[PDB]
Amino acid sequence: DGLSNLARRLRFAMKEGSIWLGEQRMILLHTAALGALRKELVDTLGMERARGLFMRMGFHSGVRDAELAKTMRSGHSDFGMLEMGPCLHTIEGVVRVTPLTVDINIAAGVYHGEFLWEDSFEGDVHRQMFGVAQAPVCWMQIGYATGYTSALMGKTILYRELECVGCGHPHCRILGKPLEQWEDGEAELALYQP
C-alpha cells in the first residue's frame, strides 16, 4: 500500500536530466562510488569523523522525506505517516525495511520503534572497503531514520542499530526513541551537529 503509493511520487524528467521524489531533486548514484568516498573520508579524517558526516547527510535526507510525507497526510493515522519513511528508504534502494513493533502518537509525543533492515547498502559497502567492523556501520541509514522521525514527531528522536551486517550479523536491527530514553543520549545527539 505505502510503497506503491509513495512510488507514484517518483518521477523521471529526462527532458531536463532530472529525477524528482515529491518536491526534492534526486540523483541515481553508484553505491561503489559512494563507497570510495567513504573510504577516502575514513582514511584521512578518521572513522568517527567520517561517521558524523554520513549520519548528518542521512539526517538531511530524512528531514526532506518527512516533509513530503506531511503533504500526503490526510487520511493517514500516525502509524501510516511514520510508515512512509521506511517506504521511501526502500524505494530509494538504500535498504529493505521491515517495521516490526511501532508505538507512535505525535500529539502525545509518544515514539518507540524497532525495525528490521535487510540488504543494507551501507553495511554491505563498508565491508567491501574495510572488512568487518567492531561497531554498527550504517551511518547514513541511521541518520535518515532519526531525521525523518524527528521531523515527523517535532522532537528529537534518536536511533541506533542494535545489530549490523557490518559487524557480521545476518541483519541490521534498529531502535528509535526520544532523547530521554537513551543512556548516552547527549553524546548521540552531538554527532548530528557540524
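Counting begins at 1, following the sequence as shown.
If you average the C-alpha B-factors over 145-153 and over 123-131, the higher value belongs to 123-131. Legend: mean Cα B-factor per stretch from the PDB entry, 69-77 versus 106-114; the higher mean is in 69-77. Note on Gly35, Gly58, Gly46, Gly52: the highest value goes to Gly46, judged by CA B factor as recorded.
Annotation for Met140: C-alpha temperature factor in the lowest third relative to the rest of the modelled chain, per the entry. Split the chain's modelled residues into thirds by C-alpha temperature factor. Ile19 is in the middle one.
Annotation for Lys177: CA B-factor lies in the middle third of the chain's modelled residues. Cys167 sits in the highest third of its chain by CA B factor, as recorded in the PDB entry.
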